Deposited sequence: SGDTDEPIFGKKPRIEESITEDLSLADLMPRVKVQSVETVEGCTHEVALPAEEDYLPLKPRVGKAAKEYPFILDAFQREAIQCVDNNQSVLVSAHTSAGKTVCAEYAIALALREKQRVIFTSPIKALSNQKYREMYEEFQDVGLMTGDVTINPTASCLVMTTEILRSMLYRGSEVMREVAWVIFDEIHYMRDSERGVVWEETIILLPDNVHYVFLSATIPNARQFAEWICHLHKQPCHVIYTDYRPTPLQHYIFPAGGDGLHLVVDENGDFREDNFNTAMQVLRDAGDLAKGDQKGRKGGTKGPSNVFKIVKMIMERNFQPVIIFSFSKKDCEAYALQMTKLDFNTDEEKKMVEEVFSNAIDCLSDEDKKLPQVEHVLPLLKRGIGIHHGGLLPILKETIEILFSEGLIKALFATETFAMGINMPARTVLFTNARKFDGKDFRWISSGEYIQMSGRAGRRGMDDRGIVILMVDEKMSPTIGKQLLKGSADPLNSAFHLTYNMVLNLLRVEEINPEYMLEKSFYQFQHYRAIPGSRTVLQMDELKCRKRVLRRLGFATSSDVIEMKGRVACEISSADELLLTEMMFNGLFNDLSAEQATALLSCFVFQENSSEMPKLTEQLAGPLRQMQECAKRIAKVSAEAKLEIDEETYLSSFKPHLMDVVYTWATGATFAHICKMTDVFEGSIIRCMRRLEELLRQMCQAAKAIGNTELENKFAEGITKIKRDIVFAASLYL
């Protein structure tokens, strides 16, 4: 039991507004509420359209230099609010940061903002452009690195814009995200952009608790293009309206749809119906890469594009892959997509070559793709809506069980229907292949979005860096996490600081292994771990200090490191020569010892599970790639999707850069040059082709 000495002192003030949005502000309880004042001076930015009420309200917060969370549907125009903050920051000769959860999205946002402000830069784990720009688009991992390293780039930052904060949990950046918010100085102000969430007030209260300033909440359910929701029961012939433009559930038509009950071919039928009724463009969401490719190939009978549209596709496609080497242009996936795209049929999932995924995004965004078969991730793409959204399945598998998709997932995906300007309505069609009650059907089609819940948890890199930095300690970040704040608010009156027991056990591990002293002073070994964030910092450092890397060549080390960034749980194990199986056995022995130390420190951990997380299914793929093979060659060595190979290679290159810094921290120029050589041996060709958005 560790009770908090000082508790949050926050109150929330309601602010009346004209119809069409809600405005609240969390502020320190001891302070008086002061209404916002009219803009002094000219608008930082003007728009060629009439701003909506919620945009004007959010913009007034920025004009008054106060932080604001904007919670609205994707399509309502949240980016307008970010653009005003950027414009105001540049006018004032300040710097502003725009963070996205994903690298792919940062690339898209860099293009969008550069085309608007020019004075824009980009910083991801894969590229750096114009790093002295006034507006820096970056990933949340980069921002975390700059903060923990005290980069002077942050000294002139007046505004930080967090985009799509509701997606931070699913993006794997849940912890990194809260770390950046907690480490930013109190003089910085924020624009948080979120989908509609039921606990927006709670988040603003946390920001107020954190930085001792007001944080506003602008919330609206406004949808510029109303939606109509249909169910297409299996075997049926038509569509049944179950939610009309006004949001009223049609319990009669719903049961009539279930009546038809009381799926490759079904997908073709419904898609064809969509095209005959001029309901296209359509996005067909499937929760499986394979389903996307199968369904797409079933549309080969059809052709959606005009001759002039075919020419545009062909020209764009050739110009895009022209940067590739003649060897990579001939890859089977490259040759397989173009016939589809020419017919207005597209595919979008993580298994795709990034250069093709970006080509397909740009084509769909320009209307040259009328039927896009995509996985859920496509919903997070910017400015790519359709007239119709089709769900091929109402159930998914979250690694646990077949559950109906949540209302939040349905809202996120179904919200990509309705193109403002050229669509009077947005059409949503939910394919249903089994029985389902009106209750859960109303929850799914009419339930509210999911709350934004903290994904914060302790990491060794976090603990060590906070031990390292003077005038701060790991306990500070625990008490200030949103995870801890949600506990305070869910259980009023409780002062118990969660995660303390875990903090003590984790420090015991660090002491027993020489990362820090009994007095929690950081050892040089710990400072090496401070450099590693994208992988298991504890195990990799122990491996470095035990010498596992000293006898390995660059190719062996690179191949061995792939086990720390490869994340696919349904692959077949290849056969490894002793050059790879040897190092793999050494790493596993070391992992066992850490598991032992962890258990004795009283951390919950399973040895076999822990050892299994380091998946070597691409060790040979990576090794052969590093020895100069072609990409076509290494794809033949595995069932792993081409895009999944490239994703692992890109995270591997990112990890290698961190291992260089790790070796550099102790002047070990031997390993530094070795890890750097691995980078030189994998950073080439289509696997590292530049983003089409640059």
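**Q** No C-alpha coordinates anywhere in a stretch? Then put that deposited-sequence range on the list, in order along the chain.
**A** No C-alpha coordinates exist for 1 to 22, 285 to 302.
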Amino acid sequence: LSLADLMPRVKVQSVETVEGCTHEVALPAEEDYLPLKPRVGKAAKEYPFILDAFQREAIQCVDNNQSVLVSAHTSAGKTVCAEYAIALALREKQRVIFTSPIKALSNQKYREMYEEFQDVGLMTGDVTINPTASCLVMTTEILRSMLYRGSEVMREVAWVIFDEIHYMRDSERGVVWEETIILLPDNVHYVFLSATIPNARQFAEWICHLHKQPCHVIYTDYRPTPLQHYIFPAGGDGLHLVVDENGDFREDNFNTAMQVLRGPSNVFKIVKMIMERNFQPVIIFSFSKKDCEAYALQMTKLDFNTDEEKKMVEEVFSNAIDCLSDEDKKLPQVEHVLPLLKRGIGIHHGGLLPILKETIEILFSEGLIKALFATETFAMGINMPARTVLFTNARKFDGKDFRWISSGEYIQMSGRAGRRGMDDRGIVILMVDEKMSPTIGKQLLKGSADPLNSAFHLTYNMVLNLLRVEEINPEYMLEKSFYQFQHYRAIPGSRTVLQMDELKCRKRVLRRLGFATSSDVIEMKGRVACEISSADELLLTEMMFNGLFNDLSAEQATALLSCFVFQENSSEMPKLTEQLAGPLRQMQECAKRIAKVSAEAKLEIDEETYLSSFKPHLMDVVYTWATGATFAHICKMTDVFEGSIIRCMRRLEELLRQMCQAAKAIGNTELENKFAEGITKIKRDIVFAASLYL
From here on, numbers count along this sequence of modelled residues.
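**Q** Can you tell me whether 168 to 176 has a higher mean C-alpha B factor than 234 to 242 in this record, or the other way round?
**A** Going by the record's values, the stretch with the higher mean is 234 to 242.
**Q** When the C-alpha temperature factors are averaged for each of 446 to 454 and 394 to 402, which stretch ends up with the higher value in the entry?
**A** The entry gives the higher C-alpha B-factor average to 394 to 402.
**Q** In terms of CA temperature factor as recorded, identify the highest of 163, 252, 205, 361.
**A** Across 163, 252, 205, 361, the entry lists the biggest C-alpha B-factor for 252.
**Q** Select one of 663, 632, 649, 62: the residue whose C-alpha shows the highest B-factor in the crystal structure entry.
**A** Among 663, 632, 649, 62, the highest C-alpha B-factor in the entry belongs to 632.
**Q** What third of the chain, by the recorded C-alpha B-factor, contains residue 192?
**A** Lowest third, going by the recorded CA B-factors of the chain.
**Q** Lowest, middle or highest third: where is residue 616 by C-alpha B factor in its chain?
**A** Within its chain, residue 616 is a highest-third residue by C-alpha B-factor, going by the deposited values.
**Q** Among the modelled residues of its chain, does the C-alpha B-factor of residue 19 lie in the lowest, middle or highest third?
**A** CA B-factor rank for residue 19: highest third.
**Q** Compared with the other modelled residues in the chain, in which third is the CA B-factor of residue 645?
**A** Its C-alpha B-factor, which the entry lists for residue 645, ranks in the middle third among residues of this chain.
**Q** Taking only the Cα B-factors deposited for this chain, tell me whether residue 57 sits in the lowest, middle or highest third.
**A** Its C-alpha B-factor belongs to the lowest third of this chain's values.
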